[PDB]
Amino acid sequence: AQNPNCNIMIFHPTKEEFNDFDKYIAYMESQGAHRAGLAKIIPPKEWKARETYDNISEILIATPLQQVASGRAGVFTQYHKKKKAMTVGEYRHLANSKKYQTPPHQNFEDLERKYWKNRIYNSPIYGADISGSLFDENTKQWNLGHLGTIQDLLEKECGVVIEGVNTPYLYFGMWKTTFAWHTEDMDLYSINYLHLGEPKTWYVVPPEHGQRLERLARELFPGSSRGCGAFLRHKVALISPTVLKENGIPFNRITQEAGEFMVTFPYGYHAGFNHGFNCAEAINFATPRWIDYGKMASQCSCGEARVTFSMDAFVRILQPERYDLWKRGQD
Ligand SMILES: O=C(O)CNC(=O)C(=O)O
Ligand SMILES: [Mg+2]
Ligand code: NI
Ligand SMILES: [Zn+2]
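Residues numbered from 1 in each chain as written, not as in the entry; some residues may be left out. Chains lettered and ligands numbered in written order. Heavy atoms only, no water. Residues with missing side-chain atoms left out of burial classes, pairs and counts.

Deposited coordinates in this entry are attributed by the record to X-ray crystallography, at a stated resolution of 1.3000 Å.

Below, the structure is given as structure tokens:
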């Protein structure tokens, strides 16, 4: 078995190997990359996502989210308070302000220490989940707006045509902006490109050990667990690496820098934080190997998780027994 310790693997494809996206995901899996739940892909030196980022300031962040924490430094939840709209140029200025800017630090490990010590005492503002793309239309390789759709994959594998669409999302971050522990909708893959700015630190649990994280989460968030049998679908719970290590949960960590892709694999729980002002683009995708994960994915039906239009078909076709209850939670 390849990669039996479930380490995060880093790949350096050549420009020739960068042509065929599906083929390269399958290659990475042949080497055991999925066992980690996360892989890094460094693009060939010839590649670029677009020519410059000099003209992005007028993008609108319609609903910036202030991420307010509750709990203790290593075990906390966050809620999202909606703020008034602002442009990316306005948000960048805010991120660089004395109130929100990255503190002085020695290296990524010192900054990680500072994040876990101090995150809860601040409420950073995240420009998350903005439909759109920063890839140039002429970028033909690993263009996250030109991927094969999940609806087409399900139709190719299973023979059933379904409604729905699959488009990318932009994320504008600042110091301490946080992504809570989660897997993707329907335990899909994700791919995330860090277009510009400061790094993003990731934590990930191997897919084979995801249920260990779920059991710890039920223990640490006992009210939430009584409320919902899949409450990590709410995307609000944080657990620090120190707490994971104290509880014997297998995990890994890595820092993504601008110009790098990350892929999350089906049922790979992940969480993390931004180091400072940045912009990422991400989208879900599927492969044939996903189908079995999609069939087994947990679902939130309590009403909290509320998701896209396109998840309806995935539940309806892959999980017909669960459909009626899940749809009630959507309505
Ligand atoms: O970058 C973020 O805030 C969160 N991204 C992801 O969870 C992802 O790409 O799957
Ligand atoms: Mg602009
Ligand atoms: Ni994710
Ligand atoms: Zn729920």
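Right, picking up where we left off after that structure.
Undergrad: How should I be thinking about the coordination of the nickel ion (ligand 3) in this particular structure?
TA: By definition of the ideal shapes, four donors in a tetrahedron about a metal sit 109.5 degrees apart, and six donors in an octahedron sit 90 or 180 degrees apart. Protein coordination of the nickel ion (ligand 3) is provided by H182 (NE2), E184 (OE) and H270 (NE2), with donor distances spanning 2.0 to 2.2 Å. All donor residues of the nickel ion (ligand 3) come from one chain, and their arrangement in sequence is H-x1-E-x85-H. For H182, a relative accessible area of 10% translates into the label buried. Using a relative accessible area of 12% as the deciding quantity, one classes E184 as buried. (Donors = N, O, S within 2.8 Å, 3.2 Å for Na, K, Ca; no water. Buried < 20%, exposed > 50% of the residue type's maximum accessible area, 1.4 Å probe, protein only.)

Undergrad: So what exactly am I meant to see when it comes to the UniProt feature "binding site: Zn(2+)" in the protein chain here?
TA: Under the feature "binding site: Zn(2+)", the UniProt entry names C228, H234, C300 and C302. Their sequence span is 75 residues, while the largest C-alpha to C-alpha distance among them is just 9.9 Å; these annotated residues converge on one region. Structurally, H234 can be placed in the loop between α6 (222-227) and β12 (237-239). Contact partners of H234, with chain neighbours within four places excluded, come to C228, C300, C302, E304 and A305. For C300, the location among the structural elements is in the loop between α8 (290-296) and α9 (311-318). (UniProt positions renumbered as here; feature names shortened; annotations may be inferred. Helix = DSSP H or I, 4+ residues; strand = E, 2+ residues; numbered from the N terminus. Contact = heavy atoms within 4.5 Å.)

Undergrad: How do you make sense of helix α3 (residues 108-118) when you look at a structure like this?
TA: Along α3, the residues classified as buried are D110, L111, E112, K114, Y115 and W116. Taking the backbone nitrogen of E109 as reference, a side-chain oxygen 3.2 Å away marks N107 as the first, capping residue of α3. (Polar contact = N/O pair within 3.5 Å; in protein donor to acceptor, adjacent residues only side chain to side chain.)

Undergrad: Looking at this structure, how should I read the site of ligand 1?
TA: Near ligand 1, the surroundings consist of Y126, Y171, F179, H182, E184, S190, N192, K200, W202, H270 and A282. Within the side chain of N192, an N or O atom sits 3.0 Å from an oxygen atom of ligand 1. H270 has a polar side-chain atom sitting 3.1 Å from an oxygen atom of ligand 1. When isolated, ligand 1 has an accessible area of 300 Å², and the protein chains bury 94% of it. When contributions to the shell around ligand 1 are tallied by element, the ones reaching two or more residues are β9 (178-182), β10 (189-197) and β11 (200-205). In the shell around ligand 1, the residues fall into five nonpolar, four polar and two charged. (Near = heavy atom within 4 Å. Areas by Shrake-Rupley, 256 points an atom, 1.4 Å probe, with all protein chains shown as cover. Nonpolar A, V, L, I, M, F, W, Y, C, P; charged D, E, K, R; others polar.)

Undergrad: What is the right way to read the pairing of β9 from this model?
TA: Put simply, side chains in a regular strand alternate between the two faces of the sheet. Counting buried positions along β9 gives five out of five residues, so the element sits mostly inside the fold. Where β9 meets strand β15 (residues 269-274), three bridges bridge the pair, whose relative direction is antiparallel. Bridging across to β15, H182 finds its partner in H270. (Pairing = 2+ DSSP bridges.)

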